[PDB]
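Chain by chain, the residues run as shown.
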Amino acid sequence: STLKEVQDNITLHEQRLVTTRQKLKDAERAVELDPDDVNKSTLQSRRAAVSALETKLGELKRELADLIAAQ
């Protein structure tokens, strides 16, 4: 039930973190080789996407820890 729902959401977010981080790696490399404005903007966006996922994951994981402790 509730704990499993949170766990599945952590999985979905961990999977999205992997794919978003690959997109970030691609964007970082492009800027390393040619730091033009478009490449810097792509990088800025990919960074924010990864960081936002990591934030959400941290929230989910702290809440699951407390769900477990209460049970």
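Residues numbered from 1 in each chain as written, not as in the entry; some residues may be left out. Heavy atoms only, no water.

As recorded in the entry header, the structure was determined using X-ray crystallography to a resolution of 1.150 Å.

Under the annotation held in the PDB entry, the protein chain carries the name Nucleocapsid protein and is attributed to Sin Nombre virus.

Asker: Help me get a handle on the overall build of the protein chain, residues and values and all.
Answerer: In terms of helices and strands, the protein chain carries two helices and zero strands. Principal-axis analysis of the C-alpha atoms gives the protein chain an extent of 55 × 15 × 15 Å. Expressed as a percentage of the 71 residues in the protein chain, the buried residues total 21%. Once local pairs closer than 6 in sequence are excluded, the contacts in the protein chain between residues at least 24 apart make up 70%. Accessible surface for the protein chain amounts to roughly 5300 Å². Of this, 49% is attributable to carbon and sulfur atoms. (Helix = DSSP H or I, 4+ residues; strand = E, 2+ residues; numbered from the N terminus. Buried < 20%, exposed > 50% of the residue type's maximum accessible area, 1.4 Å probe, protein only. Contact = heavy atoms within 4.5 Å. Areas by Shrake-Rupley, 256 points an atom, 1.4 Å probe, with all protein chains shown as cover.)

Asker: Would you mind going over the environment of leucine 60 in detail, with residue names and values included?
Answerer: With respect to the helices and strands, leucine 60 occurs in helix α2 (residues 37–70). Here the alpha-carbon distance between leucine 60 and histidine 13, two residues 47 residues apart in the chain, equals 9.4 Å. Beyond its immediate chain neighbours, meaning those up to four positions away, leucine 60 contacts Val6, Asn9, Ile10 and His13.

Asker: Would you mind going over the packing of helix α1 (residues 2–33) against α2 in detail, with residue names and values included?
Answerer: In contact at an axis separation of 8 Å, α1 and α2 are set at 160° when each is read in the N-to-C sense. By the angle class used here, α1 and α2 are roughly antiparallel. In the packing of α1 onto α2, the handedness of the crossing is left-handed. Looking at the contact of α1 with α2 residue by residue, the classes come out as 17 nonpolar, seven polar and 11 charged. (Axes fitted to C-alpha atoms, helices over the stretch in contact; angles between N-to-C directions. Parallel < 35°, antiparallel > 145°, perpendicular 65-115°, else oblique. Left-handed = near helix turned anticlockwise from the far one by under 90°. Nonpolar A, V, L, I, M, F, W, Y, C, P; charged D, E, K, R; others polar.)

Asker: Outline the UniProt feature "coiled-coil region" (unreviewed entry) in the protein chain, listing residues and values.
Answerer: On the UniProt side, "coiled-coil region" (unreviewed entry) is annotated at positions that read residues 3–70 here. As a span, residues 3–70 carries 96% helix and 0% strand, and end to end its C-alpha atoms are 11 Å apart. (UniProt positions renumbered as here; feature names shortened; annotations may be inferred.)

Asker: Describe the nonpolar core, listing the residues and the values that go with them.
Answerer: Counting 12 residues, the largest nonpolar core is built from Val6, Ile10, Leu17, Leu24, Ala27, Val31, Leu43, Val50, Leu53, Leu57, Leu60 and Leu64. When residues of this core are traced back to their parent elements, those giving at least two are α1 and α2. Those residues within four positions of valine 6 in sequence are excluded, and the remaining contacts are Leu60, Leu64 and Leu67. (Core = buried A, V, L, I, M, F, W, Y, C linked by side-chain atoms within 4.5 Å.)

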